[PDB]
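A short worksheet on the structure shown next.
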Amino acid sequence: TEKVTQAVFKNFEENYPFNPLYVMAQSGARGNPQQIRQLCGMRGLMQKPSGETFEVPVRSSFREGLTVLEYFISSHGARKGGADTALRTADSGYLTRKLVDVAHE
Amino acid sequence: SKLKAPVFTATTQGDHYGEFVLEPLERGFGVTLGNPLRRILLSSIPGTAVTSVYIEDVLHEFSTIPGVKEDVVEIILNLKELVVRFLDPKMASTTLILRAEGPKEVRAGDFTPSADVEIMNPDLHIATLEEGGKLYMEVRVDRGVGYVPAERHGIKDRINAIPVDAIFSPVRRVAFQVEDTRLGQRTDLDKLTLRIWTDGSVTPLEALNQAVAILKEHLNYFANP
Amino acid sequence: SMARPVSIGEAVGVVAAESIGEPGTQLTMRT
Amino acid sequence: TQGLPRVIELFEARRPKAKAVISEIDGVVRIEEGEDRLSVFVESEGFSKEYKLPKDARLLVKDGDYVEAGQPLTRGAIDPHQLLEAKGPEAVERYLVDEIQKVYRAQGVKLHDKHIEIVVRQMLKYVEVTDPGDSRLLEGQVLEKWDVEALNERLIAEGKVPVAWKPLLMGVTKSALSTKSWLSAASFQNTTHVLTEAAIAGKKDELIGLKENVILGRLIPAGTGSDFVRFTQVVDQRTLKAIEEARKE
Amino acid sequence: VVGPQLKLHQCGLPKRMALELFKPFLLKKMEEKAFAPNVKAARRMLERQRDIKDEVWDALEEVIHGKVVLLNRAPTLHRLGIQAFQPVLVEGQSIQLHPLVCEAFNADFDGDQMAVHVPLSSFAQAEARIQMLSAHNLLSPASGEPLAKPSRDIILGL
Amino acid sequence: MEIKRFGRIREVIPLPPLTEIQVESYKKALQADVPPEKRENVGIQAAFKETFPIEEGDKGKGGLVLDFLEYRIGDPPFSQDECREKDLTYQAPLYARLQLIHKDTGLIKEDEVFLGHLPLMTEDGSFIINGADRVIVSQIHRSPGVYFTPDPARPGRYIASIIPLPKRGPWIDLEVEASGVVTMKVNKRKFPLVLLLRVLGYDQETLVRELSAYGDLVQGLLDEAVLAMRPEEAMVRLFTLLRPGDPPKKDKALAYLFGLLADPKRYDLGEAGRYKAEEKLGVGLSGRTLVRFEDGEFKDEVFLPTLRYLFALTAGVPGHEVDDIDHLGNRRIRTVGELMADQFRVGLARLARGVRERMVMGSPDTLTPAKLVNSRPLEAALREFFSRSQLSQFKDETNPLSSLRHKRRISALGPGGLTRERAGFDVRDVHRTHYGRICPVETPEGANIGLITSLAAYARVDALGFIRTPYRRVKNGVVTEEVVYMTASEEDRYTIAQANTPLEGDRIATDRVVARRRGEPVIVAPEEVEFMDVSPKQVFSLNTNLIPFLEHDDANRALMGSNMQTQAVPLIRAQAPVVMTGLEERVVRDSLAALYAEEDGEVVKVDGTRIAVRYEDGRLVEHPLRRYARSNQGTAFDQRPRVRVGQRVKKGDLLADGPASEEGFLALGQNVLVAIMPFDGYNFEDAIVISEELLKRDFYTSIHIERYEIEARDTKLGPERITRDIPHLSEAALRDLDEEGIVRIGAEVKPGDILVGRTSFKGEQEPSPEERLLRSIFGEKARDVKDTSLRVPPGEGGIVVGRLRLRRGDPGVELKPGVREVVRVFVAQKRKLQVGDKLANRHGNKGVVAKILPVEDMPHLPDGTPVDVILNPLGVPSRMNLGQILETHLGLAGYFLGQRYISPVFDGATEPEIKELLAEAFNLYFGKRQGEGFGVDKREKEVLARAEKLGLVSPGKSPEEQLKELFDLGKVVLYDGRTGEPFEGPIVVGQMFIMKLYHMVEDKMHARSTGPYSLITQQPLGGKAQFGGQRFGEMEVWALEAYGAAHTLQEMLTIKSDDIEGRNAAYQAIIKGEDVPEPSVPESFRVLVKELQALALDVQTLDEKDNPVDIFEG
Amino acid sequence: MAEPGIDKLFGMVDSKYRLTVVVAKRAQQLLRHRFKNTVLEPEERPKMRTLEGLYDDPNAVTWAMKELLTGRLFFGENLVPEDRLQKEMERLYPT
Ligand SMILES: C/C(=C\[C@H](C)CCCCC(=O)O)[C@@H]1O[C@@H]2C=C[C@@H]1OC(=O)\C=C/C=C\C=C\[C@H]1O[C@@H]3C[C@H]1O[C@@H](/C=C/C[C@H]1O[C@H](C[C@H](O)[C@H]1C)[C@@H](O)[C@@H](O)/C=C/CC/C=C/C2)[C@@H]3C
């Protein structure tokens, strides 16, 4: 994958320096290399709920249709993130409050 | 229908550049006038520019003029920054002439004394020669509309002269922008500001007027014959 | 944050709490 | 542990899971025995202190190594209370700030140390008395208000007892909790305790902080409500000379 | 809603909500500027169900000239979770927000709302326009770095 | 438009009835169309049996029994609508044919009894409860069985869990402490296990025989020599231990509860309890945690053999593993039927105690059923459910899909057996298994993420609450037509091949067959495959299934577009999307929002009101259209006729459309001409740019309906009365009120307009004379009654579309004590897209309209057509919802090619196909331009040029040949409206289906200056004339402290809230062009000081000279 | 279009908040006498655009900042006592 990812990025450079996806990612605009990979190259090694990695990778990339099993294997992640954010957004200004109650004066 | 005739403010410097602000225009009309004027403004106003140069000793822009502290390139450019007004309203061609001292720095107001043709910016740093410096020049001036590169016209006054890019257009910059203004409950009415920079030659306001006249003229062609 | 020395009367405590606090979000909670 | 849980662990001075042992004493290291039972000795001339490890523990001093007063033997996190007594209050301050930042940094965040510093110092606001001069011998006292006695009874009214104290690492909450002004103290988990107490003693506020004056609806003691600026008057050319001509009357 | 049009120190404010936000001020202005014999009669013609007379918008506008408002979004996490602005009288019912100010507010044009407030006393105005005007708070107080940076679209163009 | 269908895999099974979960559940709990002889347990049938050989006090001396024979479901006293009108719950009385016997004999079967009222489910799946349609969401809990688990408080050790069916036994946990002691934890009481084991007769030496030499574990369970005693004495001590107080030897009594009989521990009649307790544990079982009356002494059946596996897991040979609590072979589904039935249990449970209570109070000679039964413990226990249980939501009615999807929801929370909103993280994650059953995508974004979920399209909950997915048995080579739905556990033992997999005719075609087994993705030999996916549609929800190119959308943004569709409000010109997925017709079908034929006949009558069809011979029915009725969420459900006068009807085909329906297919929005490019900062961040064109064409416009309600109550001061005779009111204010006080229909209502007039009495003083003298002399008759009418609240208003009146008395009507008559006014409102509204697409590209442009602006194709909405590219790359991009491309085909598309999920269009269609399109689109007299104007040539410098067109091709190049890559040369000059470098343009969501600026946006201050809290709150007042949170208090904003903060703390003195001084200053403040003393301060005095405590306020101040002067 | 001349204004004072306090305290007096109090008068006064010509800007604080910016006013931290400050104040046409 790191071979595909690096490759998908030196292609833009060598042919297509004004390609949007690139131009954007390159400039401050939008996108980071992590995202251009899933879009153009290859999604990679998915990990299972019990941490352990699948030894079958997601071989496709959004551009090309990725496939139900790949979609399912890679949907575990797309829940582990949603649960993570729902915890660090849960507590409003938990720590700020603590920090203000000491500091304020 | 509704909305009264707008107010047209003009604020100017007096040769180059003036702002022009016709105010409450209905939504849309801002651009509708603004842009076509700019097009006309940058494209179709009649002026005059250096179009061909002969330098005694040396063809090619890419040569060595000796005794000249500068070189052919900076001269060509320098020349393009020259403006000359044709007093003689019939003529459509003129040739200018230069004769250069030793230790001296040649301004544009050191041209051939010639009456009938009016150098508008007498300063301007044309060239500079060293002790024992020799420069003679035959510079052609032409009536015209846009910006016309040499690679197009190819004006050959001599069989040794190099031809320059023509910027015959007294307007050098047009920048316009419509913002919203308010009349009563209506906060989103067009307000077009027109910013015209012309080389001290044709005024911005004159520029604008000419520009309008061209579009109107043209608009009268939409008359069934 | 106007890149000069502080003004007397800067409520620095709260400013700190906020500074340390606002990023509190984009840190992951997995511990 | 990582993330926000770490930052609390830190801001709250919390004796963590995997305290990963530190040596209390200077001296020379000696790892002994594998799989059966794993223990590590840091024995200098004289004392031989012994530090029994989980066995699973991934210790990070190999045999023979010389060691430091409070140096980590084992890896893992470090107890900020064990660090206080073994190696003082500054070393503490310096651990807290540099660890808290170890996370914001590790993630993506960039903030200035001073913020964390400002807070950390407050975690060190108070100290407990050992052998007093005036008050009861056990009480916790603000670092500064003890100098209001230490360098007071050793200058003008010199004598008695300089009041000996101990450095006291207060977690962010606990420290916020023990905060002089009752108005502020009231807004925390048990308002009664505060008032009951503060009523018995003719306790007074003075209202130094902000949490105070917002409670009362008073004009915050900061910014434009800073004593250093709010008294500023503006007199106006002709107003000044005309005000001068009724002063000598 | 995004307001690309504004300058850094300006605002949304639908006419309706300016008017009301500012009502009492307008009443005295209406009187000050003829139509409206008394402030109690100024109150009256502002009530007659709907349809507002141009002079009053013109008054309102004068009322506002150089006063600022406070905008504020969602989780106010640092001081830049409030910013002052000069209100612009604008069409429609959404508040309009300068694109450069977004980052600090963490505003995202997909359903966000923001409340607005009017500092009343001259002090509090002063307070807002010197200390909290969006355009005096250009750099992060956390890391002295610019917080009002070009971004997501401006960059693209440049 | 002709439709082009995409992709292979021929759908072997159509989607099952969808609302199946709900509708078929109830049925089998209410065998109402089955003779009371059959009725094989479960449901209400069993819930009686579970209770109803009911004895009385003492064990075989006093007579009277009372035995259930059969129940009878009554008949609905009010039509499905009367209910929703009169404010009632669609019910039917329930009767029990009970029978009470005696000691002198006397079989009295009192002709049924009324035990209570049973709420009936609709065709829908939904209920009606006190008006208002409620849905009971199906919950999930631990499927009963025996489990073990690791021990969170003691590492390297284990607990043991004996968990029975909900409301059918207690929770028994077994865990060994640092003492060694094994301890039973039941009903939150903990005694040494041994004590029980002693009772069940195990002997100090039998235990070691059975439970020794793995671990020194017995050694702990032992030592209680003291109570390794007389099994009877054991029993006494354990009864004293479980219920402190009564110390006798009838301890068999209670010990019979957590033992034998179908009173408690009935972990199944002979199902998923016994079964799974056998395989995990040491086999051979009956049905209760132990058996009692073996002859008069208990005989253990589960306790010890569990303990075995408990010890045999604290060292233990392989095979004695832990248990996956999150496996769906460990997760059960309580559907409506069962919860409703479980509630009968609570009812009948209570009804029994209060029979045995009346068996004791009464003379046994005359006691009858009817004289023993009360009819209120069944009611109050089952009224309570449908009304007050968490599981009984309202009914998400925004659009057809939203509703449909509600019924298929699954949640781990709910009542008792349910985790709180502060536990469970291992639960939340999409565990392997969910595949085909639950959705890896539908969950709400925060808080209850994973605690709630969607049932999958093909999934089916079964027999005992396990979800089952369809599969295709492949007889070693050939893909058989036989379809096998199978458990989450009955799956971990096979090798199942994917549907994406090819085939030749009826058999596998490739040599390296993809498939999974247990969980791992596995590559497998064809002959080495056993089963096959029926479709990829198996894997996702109904809504997640509607996203035409899901394959290409990152799963996060997919979940955004899966919901968000559920927010999509119905539209007047609602239209089925250009690029569909298949279920769009069926979703509308199973929702029954659309009206469909009954039996292929012929339409006779057709108007905005009725469609009446003559069904072949079978009489004639008239189908009334619900028309501009108001959905729970204020949406406007309204049917439109889709069929002409005198036409033959297709079997069961669209007679009428629903609210979000276009000729039978789903229509959550509009498809509309889009261009993905930046505008001028107007589509910054997520904002959309609109063309006014859309408003002129009344596109994104929708009809919302508010609902206002007023009550008239009786009062210590006299009756609240609904007159139009409202005091002082000008006969112009009353203008729209009928002679009753209630607005006319079709009345146009602005804020502050009487909607329902109502005078209340109120005794706010007595007028002292002079005033009374003045009153007559100048005419106006002093009145006894205040105004208090209804009136339209600030912000609202529209057209009056219907009234509703309910009077205390009136037949079925039952309003609450005090309330006497209730009025309901309904107010419609066309809406229309607006800056501030939010449009979304199927791939989760949400965003607010931030500028409407007049068509003069707006990028336009060369032919002249303008686009409609300008969507920003910068939106795409970071979220990875590439499907939207593809969708625009196929769509662009459509526009020109004149067709819509059905592209299945992971089976729809490929680029090869898409670009073939774009080819065909350009050939007609450009064929026109030529055939009309044109081709490739300077503007396109100037673009096409730099377009190849951009390596986007093939060099050495004709501008026409280069145009196609681009049109095929899906981009086009757009033209700037403002200035005819072409956008430099091509733009992708096309048709994208876009929805209007539940939110609108109309409902938001409020601004106050002053007014209504509460008399309780004294800070502004509520607004009869002017509204609102915004909260200044503690977070904002910080910000102001962070800025130096002293006075500004103090302003927010005094003069714009409680500080009466202050605000008044301030507003009196603004009126008069004065500076405002000098606020004397923060009211806050005074208040606190006084609120302190009240509690003793002096609170001296003192200046710097330390003397006192008096912040009061009075 | 940030506050007009504020960079200069911040530099005039020690602690910035002082600036606010002066602006406020001035915009105060400048209001409590109809602007018959200006130092800047001639053709310095700030003004307003309209459906009408240039009218006197009615913003005290806006005036206050323009005023201050000309060195024509003074910041007494403790110069001239508060008792005498409200004295000669209500004099030059106050009511
Ligand atoms: C949080 C919750 C119910 C909430 C009111 C709604 C869920 C919020 C999640 C979300 O929408 O993101 C819980 O729900 C149940 C049991 C315990 C919990 O109770 C709870 O924590 C809280 C409340 C539980 C029940 C409340 C019932 C009553 O409260 C009000 C009147 C009664 O019905 C409520 C209507 C709820 C329907 C919702 O429907 C959703 C959209 C809106 O949230 C609502 C229209 C739809 O998207 C629908 O598909 C979602 C259904 C949620 C399924 C969850 C079932 C388990 C309404 C809010």
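Identifiers in the structure tokens: chain A, B, ... in order shown; residue index from 1 per chain; ligand index from 1 in order shown.
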8 Å contacts from chain A to chain D using only C-alpha atoms, as a list in words:
residues 95, 98, 99, 101, 102, 103, 104 and 105 of chain A
Neighbours of chain C in chain G at 9 Å, counting only C-alpha atoms, as a ChimeraX atom specification:
/G:14-17
Could those residues be written to a file, using N, CA, C and O atoms, as a PDB file, in the first residue's frame?
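Result file is again.pdb:
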```pdb
ATOM      1  N   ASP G  14      -0.692  52.611  28.324  1.00  0.00           N
ATOM      2  CA  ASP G  14       0.043  51.514  28.951  1.00  0.00           C
ATOM      3  C   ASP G  14      -0.600  50.135  28.810  1.00  0.00           C
ATOM      4  O   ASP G  14       0.075  49.161  28.444  1.00  0.00           O
ATOM      5  N   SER G  15      -1.891  50.034  29.105  1.00  0.00           N
ATOM      6  CA  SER G  15      -2.478  48.717  29.282  1.00  0.00           C
ATOM      7  C   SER G  15      -3.726  48.419  28.461  1.00  0.00           C
ATOM      8  O   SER G  15      -4.482  47.516  28.807  1.00  0.00           O
ATOM      9  N   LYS G  16      -3.940  49.161  27.380  1.00  0.00           N
ATOM     10  CA  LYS G  16      -4.994  48.845  26.406  1.00  0.00           C
ATOM     11  C   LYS G  16      -6.380  48.989  26.976  1.00  0.00           C
ATOM     12  O   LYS G  16      -7.234  49.612  26.365  1.00  0.00           O
ATOM     13  N   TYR G  17      -6.602  48.373  28.129  1.00  0.00           N
ATOM     14  CA  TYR G  17      -7.852  48.510  28.845  1.00  0.00           C
ATOM     15  C   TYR G  17      -7.986  49.967  29.238  1.00  0.00           C
ATOM     16  O   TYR G  17      -9.080  50.548  29.149  1.00  0.00           O
TER      17      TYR G  17
END
```
Any residue with an atom at most 9 Å from ligand 1 counts, using only C-alpha atoms and all ligand atoms. Which are they? Put them as a VMD selection string.
chain F and resid 134 to 139 387 to 398 402 to 415 418 420 to 421 443 to 449 451 to 454 563 566 to 567 632 to 633
Set the cut-off to 12 Å and count only C-alpha atoms: what are the residues of chain C that reach chain F? Output as a list in words.
residues 1, 7, 8, 9, 10, 11, 12, 13, 14, 15, 16, 17, 18, 19, 21, 22 and 30 of chain C
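Picture a line from atom CA of residue 92 of chain F to atom CA of residue 167 of chain F; it runs 24.8 Å.
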Name the residues of chain B that come out as strand (DSSP E) in a backbone DSSP run; write them as an MDAnalysis selection string.
chainID B and resid 8:12 18:25 47:55 84:86 93:99 117:119 136:144 162:163 171:183 186:198
Among segment 2-244 of chain D, which ones does DSSP assign to helix (DSSP H, G or I) (computed from the backbone)? Answer as a ChimeraX atom specification.
/D:3-11,80-87,90-107,113-122,143-150,172-177,182-186,191-200,210-216,223-225,238-244
Coordinates-based distance that separates atom CA of residue 988 of chain F from atom CA of residue 943 of chain F (Å, one decimal)
13.8 Å
Find the residues in chain F near chain E: any atom within 7 Å counts, using only C-alpha atoms. Write them as a ChimeraX atom specification.
/F:681-682,684-687,835-836,838,846-848,850,1001,1005,1007-1009,1035-1036,1039-1040,1042-1043,1045,1047-1048,1070-1073,1075-1077
Hey, list the chain G side of the contact with chain F: 10 Å cut-off, only C-alpha atoms, answer as a VMD selection string.
chain G and resid 16 to 17 20 27 to 32 60
Could you save those same residues with N, CA and C atoms as a PDB file, in the first residue's frame?
```pdb
ATOM      1  N   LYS G  16      -3.940  49.161  27.380  1.00  0.00           N
ATOM      2  CA  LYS G  16      -4.994  48.845  26.406  1.00  0.00           C
ATOM      3  C   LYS G  16      -6.380  48.989  26.976  1.00  0.00           C
ATOM      4  N   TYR G  17      -6.602  48.373  28.129  1.00  0.00           N
ATOM      5  CA  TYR G  17      -7.852  48.510  28.845  1.00  0.00           C
ATOM      6  C   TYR G  17      -7.986  49.967  29.238  1.00  0.00           C
ATOM      7  N   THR G  20      -9.717  51.530  26.370  1.00  0.00           N
ATOM      8  CA  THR G  20     -11.167  51.379  26.501  1.00  0.00           C
ATOM      9  C   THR G  20     -11.704  52.434  27.482  1.00  0.00           C
ATOM     10  N   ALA G  27     -16.558  59.173  25.606  1.00  0.00           N
ATOM     11  CA  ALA G  27     -17.830  59.001  24.912  1.00  0.00           C
ATOM     12  C   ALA G  27     -18.977  59.278  25.880  1.00  0.00           C
ATOM     13  N   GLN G  28     -18.658  59.227  27.174  1.00  0.00           N
ATOM     14  CA  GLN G  28     -19.597  59.496  28.248  1.00  0.00           C
ATOM     15  C   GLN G  28     -19.942  60.975  28.266  1.00  0.00           C
ATOM     16  N   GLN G  29     -18.930  61.809  28.511  1.00  0.00           N
ATOM     17  CA  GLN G  29     -19.121  63.256  28.637  1.00  0.00           C
ATOM     18  C   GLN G  29     -19.617  63.789  27.307  1.00  0.00           C
ATOM     19  N   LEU G  30     -19.026  63.271  26.238  1.00  0.00           N
ATOM     20  CA  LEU G  30     -19.310  63.729  24.899  1.00  0.00           C
ATOM     21  C   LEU G  30     -20.767  63.497  24.559  1.00  0.00           C
ATOM     22  N   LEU G  31     -21.398  62.602  25.300  1.00  0.00           N
ATOM     23  CA  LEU G  31     -22.826  62.405  25.172  1.00  0.00           C
ATOM     24  C   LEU G  31     -23.647  63.309  26.107  1.00  0.00           C
ATOM     25  N   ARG G  32     -23.244  63.383  27.383  1.00  0.00           N
ATOM     26  CA  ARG G  32     -23.980  64.107  28.438  1.00  0.00           C
ATOM     27  C   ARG G  32     -23.868  65.617  28.329  1.00  0.00           C
ATOM     28  N   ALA G  60     -20.875  58.472  19.812  1.00  0.00           N
ATOM     29  CA  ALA G  60     -19.973  59.011  20.838  1.00  0.00           C
ATOM     30  C   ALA G  60     -18.595  58.367  20.781  1.00  0.00           C
TER      31      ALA G  60
END
```
So that I can see what lies close to segment 25-41 of chain B, please list as JSON, numbers by chain the residues with an atom at most 9 Å from it, counting only C-alpha atoms and leaving out residues fewer than 4 positions away in the same chain.
{"B": [3, 4, 5, 6, 45, 169, 171, 173, 174, 175, 176, 177, 178, 179, 180, 181, 188, 189, 190, 191, 192, 193, 194, 196, 207, 208, 210, 211, 212, 214, 215], "F": [854, 856, 857, 978, 979]}
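Across B:79, B:126, B:59, B:183, the tightest approach to chain E is made by B:183 when counting only C-alpha atoms.
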What does the structure give for the distance between atom CA of residue 513 of chain F and atom CA of residue 434 of chain F, in Å to one decimal?
22.4 Å
